[PDB]
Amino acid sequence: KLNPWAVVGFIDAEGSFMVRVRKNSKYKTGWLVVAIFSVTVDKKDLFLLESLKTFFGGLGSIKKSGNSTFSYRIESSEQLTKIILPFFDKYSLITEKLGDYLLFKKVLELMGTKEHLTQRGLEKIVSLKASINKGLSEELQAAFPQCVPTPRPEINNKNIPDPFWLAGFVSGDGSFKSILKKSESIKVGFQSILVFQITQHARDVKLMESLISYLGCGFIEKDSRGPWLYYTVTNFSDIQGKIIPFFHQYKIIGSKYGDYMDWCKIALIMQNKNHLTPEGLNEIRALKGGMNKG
């Protein structure tokens, strides 16, 4: 069952807050405006899509998205205003997704008021939409050559509001990795390595830097192929002593929870030093095999 701050964290990590402006000559302006809250998970996490649905009052639909993914969506601007806006105004996002939530919100305010059915309000909404995802499409850019994107919200210095935020966030983005690495000097031939790891776009560097002080361990690394950061923990005593305890109280949601549990099992084998024997190494090979699986 789902706690408000965990929903916020999860959504900081996995939601999209979208606005669409679609050409259709049946509308007086030539355009139909639509606002959409969307969360898309692999089919193994349908359970979690139904919880969110339940959490948000039984509102919205769950549908097939990709070849093996499902979306939970709320596309009624009325429902978004009554149920989504009051939850996220009270329980705020702290990543750059907040910018998009704020812009998304002004679009709905303008829809509340029918200013979307006017030429000026529509132009406002297109400027807003322009700052939600790196611009407008080719088509909208040309329909609206005159629009200056609404400048993005200055979203300074946001602390982790609650431990459940982090449980939620790691549930969406976050990996409990088990590695077996060739070793020339270990007697059994392989080193058993546990890594805790959060990936995020480099835009969220502040958040990523706050993870170090919040958990009292780890370090940031930049991916050399593009603008993405890793928060990494590889020190095993920080794993045993900080990360495992944290996620024991503040549990991961979705199927990834089964992965945390197996990673914990690997860690117990490591604490006892059984990873240094043939038997323990095989236990670990078998646990690692069933992770990302079932």
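Numbers for residues come from their place in the sequence shown, where the first is 1.
J.: Name the higher of the two by mean Cα B-factor in the PDB entry, 247-255 versus 66-74.
T.: 66-74 has the higher mean C-alpha B-factor.
J.: Would you determine, from the values in the PDB entry, which of 133-141 and 98-106 has the greater average C-alpha temperature factor?
T.: Taking the mean B-factor of the alpha carbons in each, 133-141 is higher.
J.: Which of these has the highest Cα B-factor in the record: 90, 114, 177, 181?
T.: Answer, based on the entry's C-alpha B-factors: 114.
J.: Could you check 29, 40, 232, 237 and tell me which one carries the biggest Cα B-factor in the deposited entry?
T.: Comparing C-alpha B-factors across 29, 40, 232, 237, the top value belongs to 29.
J.: Using the temperature factors of the C-alpha atoms in this entry, rank residue 260 within its chain: lowest, middle or highest third.
T.: Its C-alpha B-factor, which the entry lists for residue 260, ranks in the lowest third among residues of this chain.
J.: Split the chain's modelled residues into thirds by Cα B-factor; is residue 16 in the lowest, middle or highest one?
T.: It belongs to the lowest third of the chain when residues are ordered by C-alpha B-factor.
J.: According to the PDB entry, is the CA B factor of residue 200 in the bottom, middle or top third of its chain, that is, lowest, middle or highest?
T.: CA B-factor rank for residue 200: lowest third.
J.: Would you mind checking where the Cα B-factor of residue 185 ranks among the modelled residues of its chain, as the lowest, middle or highest third?
T.: Its C-alpha B-factor belongs to the highest third of this chain's values.
J.: Ranked by Cα temperature factor within the chain, is residue 172 in the lowest third, the middle third or the highest third?
T.: Its C-alpha B-factor, which the entry lists for residue 172, ranks in the lowest third among residues of this chain.
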